[PDB]
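Student: My structure is below; once you've seen it, I'll send some questions.
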Amino acid sequence: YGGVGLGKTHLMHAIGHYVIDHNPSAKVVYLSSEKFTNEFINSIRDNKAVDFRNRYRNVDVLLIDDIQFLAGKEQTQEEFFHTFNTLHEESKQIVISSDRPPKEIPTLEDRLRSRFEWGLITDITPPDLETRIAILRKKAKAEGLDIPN
DNA sequence: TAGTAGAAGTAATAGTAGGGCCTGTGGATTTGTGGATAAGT
Ligand SMILES: Nc1ncnc2c1ncn2[C@@H]1O[C@H](COP(=O)(O)OP(=O)(O)OP(=O)(O)O)[C@@H](O)[C@H]1O
Ligand SMILES: [Mg+2]
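Using PDB author numbering, you'd call the opening residue of the first sequence number 150 and step up by one each time.
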């Protein structure tokens, strides 16, 4: 969890890249909770629920954006609860990002809130001056431009 | 043949006629009072 524009999607894209590079047989899936809900509901409407479960319960690593989007949605929260349960039971990896810690996500069931706190919860804070300059240096060097200090 | 469990929903107008009056200074205004003035005798 952390602020916006703070590096969470970068971090877990890096996780996916690392896992794919070191293990090519792994089925690493990354998406956003918005796309999760859209696919879930469309599968319900088109009788594709079995295929949705097949695609999402059997991934080796799962990466979720902005799980805050699930707040206020009951059935999608239940379906993600069951997906989490199946993946954790199969000893698979689940990575979740958010902008708020799970304690203060409204309209969240206590089972999901306790599952979120089960593992390790990490926070991102706004960068300071040295790392701002270092980030800009990295972007400038990757792009290929020379710019004064 | 006897048959299931289903969600996440928006950006919204134009709008009425209205009570006397108990009080109460401020100031015009419309005259009476007095003064100025022509005349005529
Ligand atoms: N050390 C760093 N820390 C944070 N951000 C960094 C760092 N180095 C580079 N960035 C850049 O920060 C930007 C922030 O975008 P990012 O996708 O990470 O946002 P976010 O806060 O995780 O949001 P979201 O989950 O909605 O995508 C990226 O474009 C990334 O390239
Ligand atoms: Mg992004």
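Heads up, the beta-carbon is just placed ideally off N, CA and C, and yes, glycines get one too.
Can you find the residues in the same chain that come closer than 7 Å, C-beta to C-beta, to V168, ignoring five residues on each side of it along the sequence?
Tutor: If you number the first sequence from 1, residue 168 lands on position 19. Answer for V168: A175, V177 and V210, listed in chain order.
Student: For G151 versus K157, is the C-beta spacing smaller than 8 Å?
Tutor: The sequence position of residue 151 within the first sequence is 2, counting from 1. The sequence position of residue 157 within the first sequence is 8, counting from 1. Cβ atoms of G151 and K157: closer than 8 Å.
Student: Could you pull the start and end residues of the beta strand (DSSP E) that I245 belongs to?
Tutor: Looking up residue 245 in the first sequence gives position 96. Element bounds for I245: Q242 to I245.
Student: Given a cut-off of 8 Å, decide if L180 and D214 are closer than it, judged by their beta-carbon atoms.
Tutor: The count along the first sequence starts at 1 and reaches residue 214 at position 65. The count along the first sequence starts at 1 and reaches residue 180 at position 31. Yes, the Cβ-Cβ distance between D214 and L180 is below 8 Å.
Student: Can we count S263 as close to ligand 1, meaning its CB is less than 7 Å from some heavy atom?
Tutor: The residue given as residue 263 occupies position 114 in the first sequence. Every heavy atom of ligand 1 is 7 Å or more from the Cβ of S263, so no.
Student: Are there any heavy atoms of ligand 4 lying less than 7 Å away from the beta-carbon of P275, as far as the coordinates show?
Tutor: Ligands in the displayed structure: ligand 1 and ligand 2; ligand 4 is not one of them.
Student: For the alpha helix (DSSP H) that contains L285, what are its first and last residues?
Tutor: Taking the first sequence and counting its residues from 1, the one referred to as residue 285 is at position 136. Run containing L285: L278 to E292, per the alpha helix (DSSP H) assignment.
Student: Using a Cβ-Cβ cut-off of 7 Å (strictly less than) and excluding sequence neighbours within five positions of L261, which residues of its own chain qualify?
Tutor: Residue numbering aside, residue 261 sits at position 112 when the first sequence is read from its first letter. Hits under 7 Å: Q226 and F230.
Student: Around ligand 1, which residues pass a check of Cβ closer than 6 Å to any of its heavy atoms?
Tutor: Those residues, listed in chain order, are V153, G154, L155, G156, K157, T158, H159, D214, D215, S246 and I284.
Student: Starting from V199 and walking both ways along the beta strand (DSSP E), at which residues does that stretch end?
Tutor: Position 50 of the first sequence, counted from the first residue, corresponds to residue 199. Careful: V199 lies outside any beta strand (DSSP E), inside the alpha helix (DSSP H) at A198 to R206.
Student: Looking only at DSSP bridge pairs, what is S181 linked to?
Tutor: In the first sequence, the residue the question calls residue 181 occupies position 32. Answer is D214, bridged to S181.
Student: Apply the 10 Å Cβ neighbour rule to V208 and answer buried if 16 or more other Cβ atoms are within range, or exposed otherwise.
Tutor: Within the first sequence, the letter at position 59 stands for residue 208. Its Cβ being crowded by 16 or more others within 10 Å, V208 is buried.
Student: Take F233 and list the residues in its own chain whose beta-carbon comes closer than 7 Å to its own, dropping the five residues that flank it on each side.
Tutor: For this step, residue 233 is matched to residue 84 along the first sequence. These residues qualify, in order along the chain: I243 and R264.
Student: List the endpoints of the continuous alpha helix (DSSP H) containing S263.
Tutor: Position 114 of the first sequence, counted from the start, is the residue given in the question as residue 263. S263 -> alpha helix (DSSP H) spans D259 to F265.
Student: How should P251 be labelled, buried or exposed, when 16 other C-beta atoms within 10 angstroms of its C-beta is the threshold for buried?
Tutor: Mapped onto the first sequence, residue 251 falls at position 102. It counts as buried.
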